[PDB]
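Here you get one chain, nothing else, as structure tokens; it is the form deposited in one PDB entry.
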């Protein structure tokens, strides 16, 4: 029963895990949960273990935790999180407290990668894999809308996985008591301005990541959506009247009433100084990288490149492989914390 489990203090937290998981060491502790590295003695491989403490404790944690468990079963792709295991040490719904998630151990997140100079081979391979993952989600009917470096992980061999499935179709009120601050620098204008969106909402986030890889700074920092919008228009320019007409008349009022900005060309935004461009190879790849940035970092989604088109772009297309690109492949729920506990328990136990 519970002799299948042991308890060890990993930093501040107590981890109670199956005895197959050995030599726990803390990686991360924050909003989602606490993560540790372990050796899995049954599979003879290194794994990451994420602890969710009482994920049913409010409707935000609860909706996220449930969505993640369910959506895992709708995705089969090497660039998206796969679970090796999920378990709870508690034996009844009454006692049920914690869910543990187990997956392949990765070496770093894309935050650490951004702090490094990458050659064009590594940058384009990372972007290629991000797009493969996003296409897989899109073909499953999942539009992410919150892709960001901290939820993307890599191995030393430059292989990449996306860890999370983004925002609810309808989220509504996401209030929580915490110092845990959500990072929104990578969210599309559609998201920021509460517009309609389609698949290429996620192309804006890839743009913000690719731009950050090149600049080694956040493109669009800011305390809040106001700051963020200002940083967007200062660099890309005020968007055309055409785009304003698609805004709610009240956001439209705010946006159309900001100071106008001409906006900078992509050469200015991403000068030659930032690029590997010594050899003829690297000069050409430098212009192709800028060309792709200029098509992804477009405010109007009707003018922004699609996933399928980004995969056909010469900067990316050198990696193109039908098997990875054309690999074949809930949100409307509002519950009390009592009902969520049950829904999550049934999914962990696999009761239904």
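Rigid core: the largest C-alpha set superposing within 1.5 Å between the two forms. Positions refer to the first chain, counted from 1.
**Asked** Counting the other entries of this protein, is residue 169 left out in at least a third of them?
**Response** Yes; at least one third of the other entries leave residue 169 out.
**Message:** If you look at the other compared entries where the surrounding residues are built, does residue 259 lack coordinates in a third or more?
**Reply:** No: coordinates for residue 259 present in every compared entry.
**Request:** Answer with none, 1 to 3, 4 to 9, or 10 or more: how many deposited residues between residue 329 and residue 330 are not present in the coordinates.
**Result:** Some 4 to 9 residues are missing between them.
**Request:** On mean C-alpha B-factor from the PDB entry, just flag whether 130-138 or 162-170 is the higher one.
**Result:** For C-alpha atoms only, the mean B-factor is higher in 162-170.
**Asked** Taking the recorded C-alpha temperature factors, which stretch has the higher mean, 48-56 or 27-35?
**Response** Per the PDB record, 27-35.
**Request:** Kindly indicate the residue among 107, 199, 212, 278 with the greatest C-alpha B-factor in the PDB record.
**Result:** Checking the PDB record, the top C-alpha B-factor among 107, 199, 212, 278 is at 278.
**Asked** Based on what the PDB entry reports, which of 112, 82, 238, 85 has the top C-alpha B-factor?
**Response** The record points to 238.
**Message:** Lowest, middle or highest third: which one holds residue 68 when the chain's residues are ordered by CA B-factor from the entry?
**Reply:** For residue 68, whose C-alpha B-factor we compare with every modelled residue in the chain, the answer is the middle third.
**Message:** Ranking every modelled residue in this chain by its Cα temperature factor as given in the entry, which third contains residue 221?
**Reply:** Middle third of the chain for residue 221's C-alpha B-factor.
**Prompt:** So where's residue 341 on the chain's Cα temperature factor ranking, which third?
**Reply:** According to the entry, residue 341 has a C-alpha B-factor in the chain's middle third.
**Prompt:** Can you tell me which third, lowest, middle or highest, the CA B-factor of residue 247 falls into for its chain?
**Reply:** Within its chain, residue 247 is a highest-third residue by C-alpha B-factor, going by the deposited values.
**Request:** Divide the modelled residues of the chain into thirds by Cα B-factor and specify which third, lowest, middle or highest, holds residue 90.
**Result:** Middle third.
Same protein, other form: the form deposited in another entry, not shown, and the subject of what follows.
**Listed options 288, 294, 306, 32; Cα moving by 2 angstroms or more between this form and the one not shown (core superposition)** = Comparing both forms, the shifted residue turns out to be 32.
**Large Cα shift (2 Å or above) at residue 169 between this form and the one not shown, core-fitted** = Yes.
**Request:** Using the form shown as baseline, tell whether residue 169 and residue 192 are closer or farther in Cα-Cα distance in that other deposited form, where the change reaches 3 Å or more.
**Result:** Compared with this form, residue 169 and residue 192 lie farther apart in that other deposited form.
**residue 304 and residue 171, C-alpha gap in that other deposited form relative to this structure (3 Å or more)** = Closer together, by at least 3 Å.
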